[PDB]
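Two forms, one chain: they're shown below as structure tokens, one block per form, named structure 1 and structure 2.
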Structure 1
């Protein structure tokens, strides 16, 4: 996150860090004691070397580490250039016991809409500057949902955002999620309800003509319930 703020430690106990050989790769959201929801493009990796770490604030710190038994990418995931259905569910090799630092975030209703104007925020350990390095501490950034039609403007995303995608903007031009931030949850409203999983931007994180986009959670809730086996 570029231009964001350090969170209060463990104030977002659903946060997962997906890591390869101890190195952070993407965020995730714990959506069940045995399942982390994250971005599918994050799993273009040798799974043998991937771990999920829970309850972290500071990135170099133990937290609680899980091996991954299975990585189930959405059936209709299409990678770049079309980054469609950019979601994967990861099965932990143990079962999370809810505590103060680690806890699942509930899925929204399957009929949640994320309307233009909705005030949200997201969290991650991603880059703090263009071409920089990961954040040492978990950070957060307020984001507002933009009208998808305006985001699809020729100078912006040029018709390529589907109805399942949530177009986002910070309050300032110099604030944006950046590399390492995908997979992490977008929570919206006063009740801080899970509404999206961050996906993509353009190569430059703060490019105002390429606002960040998250995959909306609500249209995938029934898939998620089928996969997790919890109707």
Structure 2
């Protein structure tokens, strides 16, 4: 995150770090004692060398590490240059017993609407400057939901955002999620309810004409329930 704030440690106990050879790649949200939800584009990788690390504040700290039993990309996932259905479920090779530092975040109702003007936040260990390095510590950024139609304007996303995407704005031009933040959760409202999963970050993170986007979780809740086996 560029222009974000360090979080109070373990204040977001649902946070996952998806890592390859001990190097953080993407964020994730623990949504079941056995499952992390992340972006599908995060799994363009040699799966064997991937790990999920839970309970982190500082990245150079051990946390609780899991191997991945299964990596289930949304059946209709399409990659860049036609990014769609950008969600994947990763099954831990263990089972989380909730504690102070590690606890799943509840799925929203499948009827949940993420309306324009909604106040949300995201968290992640992604880059803190363009072309920079990952954050050593988990950071957060406030984001408000924008009107999708306005985000689809020819000067912005040029009609490419579907009803399943959440278009977002930080409070200033120089604050943005950045490489390493994608796959992490978007939480909204006073209730800090799970609302989306950050999709691909723009290469130029603060590109004013590419408002950051997250996939809405609600339209995928039935699929998440079918995969996790929890109705």
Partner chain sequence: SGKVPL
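Numbering follows the first chain given and starts at 1. Shifts are known only where both forms have a C-alpha. Take the two forms, superpose them, and find the largest set of C-alpha atoms that agree within 1.5 Å; that set is the rigid core.
Structure 2, rather than structure 1, originates from the form deposited without the partner chain.
Only one of 49, 61, 202, 172 has its Cα shifted by 2 Å or more between structures 1 and 2 after fitting on the core, and that residue is 202.
Core-aligned Cα shift between structures 1 and 2 at residue 160: this is 0.3 Å. Taking only residues common to both forms and fitting on the rigid core, the CA shifts of 2 Å or more between structures 1 and 2 cluster into a single run of 3 or more residues at 200 to 202.
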